[PDB]
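S.K.: Pasting an experimental structure with its sequence.
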Amino acid sequence: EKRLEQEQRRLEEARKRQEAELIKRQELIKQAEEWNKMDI
Amino acid sequence: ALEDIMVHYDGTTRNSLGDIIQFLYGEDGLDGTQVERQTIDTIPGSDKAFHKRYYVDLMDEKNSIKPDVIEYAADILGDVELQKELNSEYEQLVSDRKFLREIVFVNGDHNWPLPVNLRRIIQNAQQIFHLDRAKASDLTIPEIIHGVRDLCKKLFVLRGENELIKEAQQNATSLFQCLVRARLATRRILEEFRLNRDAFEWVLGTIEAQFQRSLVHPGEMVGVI
Amino acid sequence: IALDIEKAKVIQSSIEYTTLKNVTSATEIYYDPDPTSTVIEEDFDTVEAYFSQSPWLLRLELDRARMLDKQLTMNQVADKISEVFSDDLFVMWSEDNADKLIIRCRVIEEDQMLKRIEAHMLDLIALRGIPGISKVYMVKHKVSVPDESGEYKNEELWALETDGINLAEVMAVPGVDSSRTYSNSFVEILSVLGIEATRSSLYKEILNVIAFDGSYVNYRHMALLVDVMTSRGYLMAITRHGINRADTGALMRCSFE
Amino acid sequence: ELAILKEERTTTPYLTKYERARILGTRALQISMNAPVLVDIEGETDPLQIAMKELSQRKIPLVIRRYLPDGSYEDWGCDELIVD
Amino acid sequence: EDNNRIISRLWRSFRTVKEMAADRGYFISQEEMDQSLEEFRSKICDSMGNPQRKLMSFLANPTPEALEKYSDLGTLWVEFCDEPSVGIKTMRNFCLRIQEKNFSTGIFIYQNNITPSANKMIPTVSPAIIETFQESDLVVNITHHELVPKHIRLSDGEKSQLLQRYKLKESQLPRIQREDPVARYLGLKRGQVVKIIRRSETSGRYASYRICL
DNA sequence: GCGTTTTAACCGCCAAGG
DNA sequence: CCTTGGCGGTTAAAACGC
């Protein structure tokens, strides 16, 4: 059970990191879409 | 084309310009005359056979070490720290099986030339120490585990405390360590070979010495060979 | 696809190079001044049914047997000709139910020009398949794969072996395991997959040559040889043009050749 | 500068077969040229045999200098190299 | 029909480019990595199904791990070119776009071929780096081949540690060409070292090093 | 004299033969 | 393998419309 708890903690940490990186990524996606619209 | 290539004192294989051809001769640093066809025992067989051969359970009585082969069979069942050690050994064995079966030898071939013949060493020990008879061994499980674990760290191909040197040294003996751990498992030692203590230290010392003797000698003109 | 013969045959047909010359049985040139009719009575029915520029008629008869064998369509051949020649040639093709599969063409002193165009047509009209792959064979391979119980059991699978090499194009064909396509010409392997793949392929070829007659040579020797041949980033041939083009001493180099 | 300190010597601690052969040859030649012998000779007369007897007892007064590819070297005494 | 196969090949090239950008250290969202073919047709293909290469251009920034390990990793701009043949004008305007938006690295994927004049102005785009790939050779990801081991670019500190450990000079390492397909996949610049961990039948695992040219 | 275009010398790339 | 001659081509510049 101790091992399972540690595994769950690490999984939650990884999930938080992925969420933060996705939040950062969406800004770049928006900028790219705006610039591609500008080129058109 | 290959005349000016020679094994140097740091293990690398270089030409006359000093350019590196290989970072370790033969990728293991061994001599061509000091290898023999051996079978790695963790590769073949079904999962059930592997589990039956290598797993040791100290909680279930009928899935434990037989009591007639060990003197201390009374105070073994129910121990949890020794079970932790056995579980670590079995996890190492499973990792070795996965590494050999999924990366190195995908087609499952298990007969490969490797240094120091282990079968010959074991039967020499059995003949030397008269390991016949139904006598019970006095070799405790922690001694087996720690002895094999320490042996797998004294197979020096490269000397030095550098971190990159340590990584190369660990890489150079992966297959051989897999072989050694496949042969010198706890269940196999206690049941199949029935070694006692003195035979066990003799086997460990002999393995280490023969491995040291099987390395390549600096100054080999391996290109011409 | 590996375990199904029908899909494997489909892939084999899709890969093999096939040109118009492969299926063409004979070619002919006729004089016919009426674009809306013809002089030949045999082809008169088909052309009149179709109808319901230069007078020089260029026709050619396709072998029905091989045309069927290559699984081709007269419409496909006509479309290929139209694509390669745009609208410079008016093309009519007989139906599949005709006694002889024929296709007619017309240009929209030209006899020599027509002959040259016919030669070009027989030359470089590509119907389908990867260029450079002359022949393809179906081969059964025995592979040992762990079972659901961990036991190793033999297994038979279908694979293709070709004549001629085009690694980059064949690797891109859908239905092909692009992560395992292999070639016996390591120059192309170097041009496609890099230098480490070239090292592995070179070792495999050398071992194949040595071990054919049952002989055995230790691994480290061939490893040293193929590490020498590929240590400069490119294939260094074992000749004077490979060895003598190094930075080694002049006295050492002059002793060879 | 080029010499490597005794504490940081990283070459093998064993006498390679080439080093053994060269050491035996040099010692045999020196004995044949009336060099002092550092071991007691029972009844031996062959210089090579005397050299082998000296080597077995770690009494050869020679030093091996192992040249690394970059030009640096390690000095090992024949009395501290392990011989099989 | 042929439109379907063209779209499929374009989708495969897009997936390969995204994988390459991920390998070089930049961050690509997991949802974008698994962006399937039907979604690609929905987003790119028009009413007649024709694709626009201009809608596939994207941007990426290095992950914190890659940024920490490699301090020279900037922003990456990947653009597909509509023109089947690229000339001096198109390369010049791409260079202008890179310079005005101060991108560290720009990848320019063309369709058929690139004129030599356009090749001439690639080295003069400093300090930004412009790398060009053809569409045909990106359909298959070569680094997923069986024969191709894993190449990892070494940082400057690791390269220094390597040269000190072996007491080497840069000319004494095994070499890898700059036009080598894996070298172009990793965007190797002259003087950089890749570590290759390789299967070995004598020791299991063997790590080799090569230096670019 | 601004927007545009043609031939032009010029340029490099490539195939063939010694 | 190398030189050789030639091929092709793009891009530029002189010239045009207008």
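M.R.: That came through fine. Residues are numbered from 1 along each chain as shown, chains lettered A, B, ... in the order given.

S.K.: residues in contact with residue C:160?
M.R.: C:8, C:11-12, C:15, C:136-139 (CB atoms under 8 Å, 6 or more residues apart in numbering or on different chains). Every C-beta, even on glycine, is put in place using the N, C-alpha and C of the backbone.

S.K.: Tell me the strands beside the helix or strand hosting it, with direction?
M.R.: Assigned by DSSP states H and E, residue C:160 belongs to strand C:152-163. Next to strand C:152-163 in the sheet, as set by DSSP bridges, lie strand C:135-146 (antiparallel).

S.K.: Report the buried residues of the partner strand.
M.R.: Residues of strand C:135-146 classed as buried under the neighbour-count rule (16 or more other CB atoms under 10 Å in any protein chain shown) are residue C:136.

S.K.: hang on, the earlier thing: go through the contacts of residue C:160 and name the one nearest chain B.
M.R.: Taking CB to the nearest CB as the measure, chain B lies nearest residue C:139 of these, at 17.6 Å.

S.K.: Next one: the residue of chain A found nearest chain C from residue A:10, what distance?
M.R.: Taking CB to the nearest CB, chain C has its nearest neighbour within chain A at residue A:3, 25.2 Å off. Look at residue A:3 and residue A:10: by CB to CB, to the nearest Å, they are 11 Å apart.

S.K.: ditto for residue C:75
M.R.: Counting by CB to CB - residue C:75 and residue A:10 are separated by 61 Å.

S.K.: Just say helix, strand or coil for residue E:48.
M.R.: Assigned with DSSP: H, G, I helix; E, B strand; the rest coil, residue E:48 falls in the coil class.

S.K.: Give me the phi and psi angles of it.
M.R.: phi -80, psi 0 (degrees, to the nearest 10).

S.K.: what's near enough to touch the closest residue to chain A within chain D?
M.R.: Residue nearest to chain A within chain D: residue D:10 (39.0 Å; CB to the nearest CB). Residues near residue D:10 by CB under 8 Å, 6+ apart: B:10, B:159-160, D:74.

S.K.: Just give me the neighbour total for the closest residue to residue E:53 other than its chain neighbours.
M.R.: Computed as CB to CB, 6 or more residues apart in numbering or on different chains, the closest residue to residue E:53 that is not its neighbour in sequence is residue E:80, at 3.7 Å. The tally of other residues near residue E:80 (other CB atoms under 10 Å in any protein chain shown) stands at 23.

S.K.: do the same with the one 10 residues further on
M.R.: The burial count assigned to residue E:90 is 18, neighbours taken as other CB under 10 Å.

S.K.: One more: residue B:27?
M.R.: Count around residue B:27 with other CB under 10 Å applied: 25.

S.K.: Let me know whether it touches residue E:200 as I believe.
M.R.: Yes: counting by CB atoms under 8 Å, residue B:27 does reach residue E:200; the two are 4.5 Å apart.

S.K.: gap between the spatially closest residue to residue C:218 that is not a sequence neighbour and residue E:135?
M.R.: Distances taken as CB to CB, 6+ apart put residue B:32 closest to residue C:218, at 5.0 Å, once the chain neighbours are dropped. With the distance defined as CB to CB, residue B:32 ends up 48 Å from residue E:135.

S.K.: Near chain C, which residues of chain E? Just list them.
M.R.: E:5, E:8-9, E:136-137, E:139-140, E:142, E:144-149, E:151, E:174-177, E:180-183, E:196, E:198, E:201-202, E:210, E:213 (CB under 8 Å from any CB of the partner chain).

S.K.: residue nearest the centroid of chain B?
M.R.: Central residue of chain B (CA atoms, centre = their mean): residue B:180, 1.6 Å from the mean position.

S.K.: Work out for me the element that residue sits within.
M.R.: helix B:174-183.

S.K.: If you count contacts, what does that helix end up packed against?
M.R.: helix B:81-99, strand B:111-115, helix B:118-129, helix B:141-151, strand E:204-212 (3 or more CB pairs under 8 Å, 6 or more residues apart in numbering or on different chains; DSSP states H and E).

S.K.: how far away is the residue of chain A closest to chain C from residue B:118?
M.R.: 34 Å.

S.K.: Same drill for the two, tell me which one is more crowded.
M.R.: Ranked by neighbour count (other CB under 10 Å), residue A:3 and residue B:118 place residue B:118 first, with 23 against 7.

S.K.: which residues sit in contact with the more buried one?
M.R.: Residue B:118 sits next to B:38, B:179-180, B:183-184, B:207 when contact means CB under 8 Å, 6+ apart.

S.K.: can you count the residues close to the residue in chain A positioned nearest to chain D?
M.R.: Proximity of chain A to chain D (CB to the nearest CB) peaks at residue A:10, 39.0 Å away. Residues lying near residue A:10 (other CB under 10 Å) number 10.
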